[PDB]
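Reckoned from all heavy atoms, side chains included, excluding hydrogens, waters and symmetry mates. Positions are given from 1 along the sequence. Start at 1 and go down the list; that is how both ligands and their atoms are numbered.
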Amino acid sequence: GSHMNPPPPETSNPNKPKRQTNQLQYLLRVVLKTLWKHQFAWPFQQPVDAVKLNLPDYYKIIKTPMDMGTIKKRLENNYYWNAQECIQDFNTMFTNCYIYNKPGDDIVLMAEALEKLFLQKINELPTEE
Ligand SMILES: N#Cc1cc(Br)ccc1O
Ligand SMILES: N#Cc1cc(Br)ccc1O
């Protein structure tokens with residue numbers, strides 16, 4: 001893509017420690033799956049393309065970008081050590097949306113719908129075994 005967009009977050013790095021846990025399996029098979037098919041998922045399924053959207057300030061404002069396409073790759077590629085890393089990626093994605101956009105904007109309402117589902121599913125995150 002455009003040189004004006006940053007490289008996406010890392011999804012592969014042999015130096016980084018990782019492991020599978022039952023909680024990470026639940027984050028892929030239940031949490032990500034549920035959110036990915038929501039009617040309002042599409043803006044969040046890949047990094048924000050600030051060039052295409054004519055938002056030249058986006059990566060001036062949002063210095064820790066995250067998206068569900070990145071999270072999907074990180075889960076499928078076993079990038080994470082623990083559930084907390086992955087949950088933090090989701091939280092970063094939501095908070096970027098809420099800091100960049102005005103309350104009540106369409107993308108905000110879309111993010112809020114995904115967040116409500118997310119919180120329901122994370123309340124049920126299984127005990128680590
Ligand atoms: N595991 C799983 C899963 C995740 C996404 Br996103 C879509 C379909 C699936 O079956
Ligand atoms: N945040 C954000 C954002 C994402 C898409 Br896709 C389009 C416009 C936006 O302002």
Close-contact set for ligand 2 against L55 heavy atoms, below 4.0 Å
8 (C), 9 (C), 10 (O)
Are any of the N/O atoms on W42, whether in the backbone or the side chain, positioned under 3.5 angstrom from an N/O atom of ligand 2?
no
Go through the side-chain N and O atoms of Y58 and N5 and say whether any donor and acceptor fall under 3.5 Å apart.
no
Would you kindly say whether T21 and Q25 are connected by a side-chain donor-acceptor distance under 3.5 Å?
no
Is it true that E115 and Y98 share a donor-acceptor pair across their side chains at a distance under 3.5 Å?
yes
Can you find a side-chain donor-acceptor pair between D67 and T70 that sits under 3.5 Å?
yes
Where's the contact between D105 and ligand 2, heavy-atom distance under 4.0 Å: side chain, backbone, both or neither?
neither
Show me, by chain and number, every protein residue that has a heavy-atom distance under 4.0 Å to ligand 1.
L28, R29, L32, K33, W36, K72
Partners meeting salt bridge (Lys or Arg N to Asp or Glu O under 4.0 Å) with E10 (sequence neighbours left out):
none
Expected list for residues 116-129: side-chain donor-acceptor pairs under 3.5 angstrom, two or more places apart:
residue : atom : partner : partner atom : Å
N123    : ND2  : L119    : O            : 3.3

Return the set of residues passing salt bridge (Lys or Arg N to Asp or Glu O under 4.0 Å) with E85 (not counting sequence neighbours), or none when no residue passes.
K16
pair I107-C97: side-chain heavy atoms closer than 4.5 Å:
yes
Record the part of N96 in heavy-atom contact with ligand 2 below 4.0 Å; permitted values are side chain, backbone, both and neither.
neither
